[PDB]
Amino acid sequence: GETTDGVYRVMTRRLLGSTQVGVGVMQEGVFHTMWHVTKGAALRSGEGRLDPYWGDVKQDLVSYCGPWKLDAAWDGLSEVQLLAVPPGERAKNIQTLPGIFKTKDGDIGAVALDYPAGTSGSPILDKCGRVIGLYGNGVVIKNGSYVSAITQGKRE
Amino acid sequence: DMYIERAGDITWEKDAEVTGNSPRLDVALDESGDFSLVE
Ligand SMILES: NCC1(c2ccccn2)CCCC1
C-alpha cells in the first residue's frame, strides 16, 4: 500500500456511497489517527492491510504498523496551522493562535476552528512542519462553537 | 473495510488564511475520552 509520509483521508464504504469518517498522518511508516475515527478497526491502503499497534480510548488516539511517532509539542506562545482535510474538499492550511484547555491534570493547547465531524484526525503543525497533535476531540462552548484540544501522544 | 487515500504533504504554508480565537476554558476529561466544560 501507499506508505508515503503525509496526510490521508480515512474512508468507509459501509454507509451510503463512500463517506469520509476522518483523517490521519503517515510518518516513519506508522499511521496515526484518533480512536473515535476507526474504533480500533483494521485499515486498507490499496491492496495492503494496516493493523492497529497501540491505542487508548481516553487519549482518543490510535497508531497502525508501529508505535506512536509524533512527539512535537505546541510551545505555548506561537501561532500554529490546522491542516484541515474536510470531506469532499481539498486539504487547506488555517493559521490560528491556540487557546487553552485547563484541566485538573494540567493545561492543553486548543484550537477554536469548526469543521465537519469527518475532519477529525487532521494534523496541527508548528512553523517547522512538525505535527504537534491531532484535531477532533473537544467541546462545544456557550455560543454553540467548537473548540478542539491539540491532542498529542507519547513517543516511547 | 475502512481505507485511506493520500490528501497532501504536511508543510507550513506561508500566507495561509489566519482565523479563530484563543479561549481559555476549564474542562474535565472522563474515562471515555469525552471533554466537558467545568463551571
Ligand atoms: N463541529 C462538528 C463536531 C466536530 C467533531 C469533531 C471534529 C470536528 N467537528 C461534530 C460533533 C460536535 C462538533
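Note that ligands are numbered from 1 as they come in the structure, with each ligand's atoms numbered from 1 the same way. Keep in mind that the numbers below use all heavy atoms, side chains included, and drop hydrogens, waters and symmetry copies. Chain letters run A, B, ... following the sequence lines, proteins first and then strands; every chain starts at 1.
Using a 3.5 Å distance cut-off with no hydrogens or angles, the side chains of A/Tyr64 and A/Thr38 do pair a donor with an acceptor. Side-chain N/O atoms of A/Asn143 and A/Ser145 include a donor and acceptor closer than 3.5 Å.
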Quiz: residues 67-79 of chain A side-chain donor-acceptor pairs under 3.5 angstrom, not counting sequence neighbours:
{"unit_1": "A/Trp68", "atom_1": "NE1", "unit_2": "A/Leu70", "atom_2": "O", "d": "2.8"}
{"unit_1": "A/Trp68", "atom_1": "NE1", "unit_2": "A/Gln152", "atom_2": "OE1", "d": "3.1"}
{"unit_1": "A/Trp74", "atom_1": "NE1", "unit_2": "A/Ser78", "atom_2": "O", "d": "2.8"}
{"unit_1": "A/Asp75", "atom_1": "OD1", "unit_2": "A/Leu77", "atom_2": "N", "d": "2.9"}
{"unit_1": "A/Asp75", "atom_1": "OD1", "unit_2": "A/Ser78", "atom_2": "N", "d": "2.9"}
{"unit_1": "A/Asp75", "atom_1": "OD1", "unit_2": "A/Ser78", "atom_2": "OG", "d": "3.3"}
{"unit_1": "A/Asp75", "atom_1": "OD2", "unit_2": "A/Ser78", "atom_2": "OG", "d": "2.6"}
{"unit_1": "A/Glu79", "atom_1": "OE1", "unit_2": "A/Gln95", "atom_2": "NE2", "d": "2.8"}

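Counting atoms of ligand 1 from 1 in the listed order, those under 4.0 Å from a heavy atom of A/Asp114 are 1 (N), 2 (C).
Looking from atom 9 (N) of ligand 1 to the surrounding protein, the closest heavy atom is A/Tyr115 O, 2.9 Å. Summary of contacts: the protein heavy atom closest to atom 13 (C) of ligand 1 is A/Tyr146 CD1, 3.5 Å. Here the protein heavy atom with the shortest distance to atom 10 (C) of ligand 1 is A/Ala117 CB, 4.1 Å. If you check which protein heavy atom lies closest to atom 12 (C) of ligand 1, you get A/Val140 CG2, 4.4 Å.
For the pair A/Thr19 (side chain) and A/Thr12 (backbone), a donor-acceptor distance under 3.5 Å is absent.
Contact detail for B/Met2 and A/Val37: the closest heavy-atom pair is CE-O, 3.5 Å.
Comparing A/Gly118, A/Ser148, A/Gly22, A/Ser120 by heavy-atom distance to atom 7 (C) of ligand 1, the nearest is A/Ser120.
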